[PDB]
Amino acid sequence: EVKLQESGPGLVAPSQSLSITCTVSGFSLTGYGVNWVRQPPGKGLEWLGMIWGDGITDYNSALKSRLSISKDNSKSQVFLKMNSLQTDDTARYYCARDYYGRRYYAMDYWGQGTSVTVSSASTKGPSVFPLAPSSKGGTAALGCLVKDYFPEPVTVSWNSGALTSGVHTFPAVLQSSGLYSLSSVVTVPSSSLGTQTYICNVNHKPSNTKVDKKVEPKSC
Amino acid sequence: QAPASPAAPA
Amino acid sequence: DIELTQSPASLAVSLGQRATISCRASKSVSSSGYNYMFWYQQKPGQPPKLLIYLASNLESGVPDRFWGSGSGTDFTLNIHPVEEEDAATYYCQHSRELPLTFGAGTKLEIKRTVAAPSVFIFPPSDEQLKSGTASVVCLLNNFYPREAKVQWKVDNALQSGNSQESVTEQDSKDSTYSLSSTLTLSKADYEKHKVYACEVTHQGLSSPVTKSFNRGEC
């Protein structure tokens, strides 16, 4: 059962430092090497470096002066540290294991990633508002408006992951305020409105905020 | 029988 | 430093037909009679997933429909027949020298029969109006193609510059898109007018659909 999970701050100020930790299980770091790969939002994949089983450490030549990669075999942790952070170091940061340990310098198993924004601006949790269903027994639409958070991202589930089908969580937009906003909708059948209750759970790791919100109509 | 990536320690 | 040029940047293919994606290396990525060339599939909110290793070897659990070919500096990823779940961005990378580089990616759109949107509209919540701002959200659910026009009217008055759109990634199951246009007003400007209207022009509709509410009404 091979797993890797990245953890780090989410927000860092320009010219400051960044420390990320990749926690692995289901295999020994004595045998397999592990890469750091980042993806700037909208754009594509950039290789940062690698730490092999034996401890040999390879860096992308263009960033070698700012990068530091280390590990602890006993605690199953791999570390990345980057200095002199500018705005275009803003990206999702992934750790990926060497493909089958064959040293082809490809990747099999990746973590889900950790988002990092580089900006002086302060963290700010979201405000959540209902998008209540109208006076339509066919198919009815409701949702949650997640407003004025920074930085990205937020994750939106429904009824603690119970309701999955019909859900559409829209990409965030940058408002003129310099804060982010998205809407998350669900297309349920008309009948289920009086009977069953709909709660949207909103998560913002950077501010450590968790907001559940009941979505009902009526009461004019 | 494919050898390791040439870019890898040997 | 080896560059990989991926083409085309984006590609549309019909269910059941063939997709051909190209990767051109600025130097040979061959050594000892093997090509150090790999292909990944990245769907939204997920990390990349290797489909092809060493130019032509198919990762186990990946369907027969995918195959890689080429050598030296010219490589291809082929899909046939293309399925709904193939809607993703595809990336090539090499390991001939350091640093490892990737192509800029190829985004694959899955073509399907024209389908019109299910339009809805949402008034500003009571608790948002307390803070001092008002958001009016118009939803266009599960349509195709992606080209859509959303027009806002406030008391039959054509609006511009005060709305923002956001489109989802193509759906894995039905190959449709959804869109949320959000009109932003102050509490004052909102309380000043009455009828709020969203007008949708889409190829799959015979003439523009409109949904509207009046402030106060349920």
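Residues numbered from 1 in each chain as written, not as in the entry; some residues may be left out. Chains lettered and ligands numbered in written order. Heavy atoms only, no water. Residues with missing side-chain atoms left out of burial classes, pairs and counts.

A short note on the overall build of chain C
Where we set the bar: Only DSSP runs of H or I reaching four residues or more are called helices, and only runs of E reaching two or more are called strands; each is numbered from the N terminus. Only C-alpha atoms enter the radius of gyration, while the globule expectation follows 2.2 Å times N to the 0.38, with N the number of residues. Burial classes follow relative accessibility: with a 1.4 Å probe on protein chains only, a residue under 20% of its type's maximum area counts as buried, one over 50% as exposed, and anything between as partly exposed. The contact criterion used throughout is that any non-hydrogen atoms of two residues lie within 4.5 Å. Note on areas: Shrake-Rupley, 1.4 Å probe, and residue coverage restricted to the protein chains presented here. A positive count includes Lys and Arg, and a negative count includes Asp and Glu. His and the chain ends are not counted in either. For charged residues, the charge sits on one atom: NZ in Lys, CZ in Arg, CG in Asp, CD in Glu.
Of regular secondary structure, chain C possesses two helices and 19 strands. Its C-alpha atoms give chain C a radius of gyration of 24 Å, clearly above 17 Å, the size a compact globule of 218 residues would have. Over its C-alpha atoms, taken along the principal directions, chain C stretches across nearly 75 × 35 × 30 Å. Counting across all 218 residues of chain C, residues that qualify as buried make up 46%. In chain C, 58% of the contacts between residues at least 6 apart in sequence involve partners at least 24 apart. For chain C, the exposed surface amounts to about 10100 Å²; the carbon and sulfur share of it is 45%. Distance between charge centroids for chain C: 3 Å, based on 20 positive and 23 negative side chains.

Remarks on the interface of chain A and chain C
Where the parts come together, the accessible area they lose is often given as the size of the interface. Heads up, the rule is: Summed over both partners, the accessible area (1.4 Å probe) lost when two parts come together is defined as the buried area. Think of a salt bridge as a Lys or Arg side-chain nitrogen and an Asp or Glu carboxyl oxygen that are within 4 Å of each other. Any pair of nitrogen or oxygen atoms within 3.5 Å is treated as a polar contact; in protein, a donor-acceptor pairing is required on top of that, and neighbouring residues in sequence qualify only through side-chain atoms on both sides.
Listed as interface residues are 43 residues of chain A and, on the opposing side, 43 residues of chain C. Interface area, chain A with chain C, both sides summed: about 3600 Å², of which 65% is carbon and sulfur. Counting the surface chain A buries against chain C, the share from its top three residues, A:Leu45, A:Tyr104 and A:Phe170, is 17%. Across the chain A-chain C interface, the total number found is one salt bridge. The partner of A:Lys213 in a salt bridge is C:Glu127, and the shortest N-O contact between them spans 3.3 Å. Linking chain A with chain C are 13 residue pairs in polar contact. Those elements that provide at least two residues to the side of chain A that touches chain C are β5 (46-51), β10 (107-110), β12 (127-131), β13 (139-149), β15 (168-169), β16 (173-174) and β17 (180-189) of chain A. The element that contributes the greatest number of residues to the side of chain A that touches chain C is β13(A), accounting for six residues.

Regarding the environment of C:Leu100
Summarising the element assignment, C:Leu100 is placed in the loop between β11 (88-94) and β12 (106-111). The sequence separation of C:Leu100 and C:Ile2 amounts to 98 residues, and the corresponding C-alpha distance is 8.1 Å. Discounting chain neighbours no more than four positions away, the residues touching C:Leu100 are A:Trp47, A:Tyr105, A:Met107, C:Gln93, C:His94 and C:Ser95.

Focus: the interface of chain B and chain C
Quick reminder of the rule: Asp, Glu, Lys and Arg are counted as charged, while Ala, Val, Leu, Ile, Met, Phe, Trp, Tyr, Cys and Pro are counted as nonpolar; the rest, among them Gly, fall into the polar class.
In this assembly, seven residues from chain B lie in contact with nine residues from chain C. In terms of residue class, the side of chain B that touches chain C is built from five nonpolar, two polar and no charged.

Overview of the domain arrangement of chain C
All names here are of chain C. Condition: An automatic or database domain assignment supplies the residue ranges for each domain.
When cut into domains, chain C gives domain 1 (4-111) and domain 2 (118-214). Once you take the C-alpha centre of each, domain 1 and domain 2 turn out to be 38 Å apart. Each side of the interface is counted separately: domain 1 has nine residues, and domain 2 has eight residues. Together, the buried faces of domain 1 and domain 2 total about 680 Å²; carbon and sulfur atoms form 43% of this surface. Across the contact surface, domain 1 and domain 2 share one salt bridge. Across the pair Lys 107 and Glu 169 runs a salt bridge whose closest N-O atoms are separated by 3.4 Å. Joining domain 1 to domain 2, the criterion identifies four residue pairs in polar contact. Across the side of domain 1 that touches domain 2, the residue classes tally to four nonpolar, no polar and five charged.

Quick look at the pairing of β13(A)
All names here are of chain A. Where we set the bar: Only when DSSP finds a minimum of two bridges between them are two strands counted as paired.
Within β13, nine of the 11 residues are buried, which leaves the element mostly enclosed by the surrounding structure. Sheet topology places β12 next to β13; five bridges connect them, and they run antiparallel. In the sheet register, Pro 130 faces β13, and the bridge partner there is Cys 144. Relative to β17, β13 is paired through 10 bridges, and the arrangement is antiparallel. Residue pairing across strands places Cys 144 opposite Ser 184, the latter belonging to β17.

Notes on the domain arrangement of chain A
Residue and element names in this part refer to chain A. In terms of domains, chain A is made up of domain 1 (3-118) and domain 2 (127-215). Distance between the C-alpha centres of domain 1 and domain 2: 32 Å. With six residues of domain 1 in contact, the opposing surface of domain 2 contributes five residues. Both faces considered, domain 1 and domain 2 share a buried interface measuring about 380 Å² in area, 67% of it formed by carbon and sulfur atoms. Interface area lost by domain 1 to domain 2 is led by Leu 11, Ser 115 and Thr 117, which between them contribute 62%. Across the domain 1-domain 2 interface, the total number found is zero salt bridges. Counting the contacts that link domain 1 with domain 2 gives zero residue pairs in polar contact.

A short note on the pattern of salt bridges
Tallied over the full model, the rule gives 13 salt bridges over all chains. Across the pair A:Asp108 and A:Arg97 runs a salt bridge whose closest N-O atoms are separated by 2.9 Å. Of this pair, A:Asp108 sits in strand β10 while A:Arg97 sits in strand β9 (residues 91-98), placing them 11 residues apart in sequence. Grouping residues by exposure puts A:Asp108 and A:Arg97 together as buried. A salt bridge links C:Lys27 to C:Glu97; the shortest N-O distance between them is 3.1 Å. Here C:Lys27 is found in the loop between β3 (19-25) and β4 (30-31), whereas its partner C:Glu97 is found in the loop between β11 and β12, with 70 residues between them in sequence.

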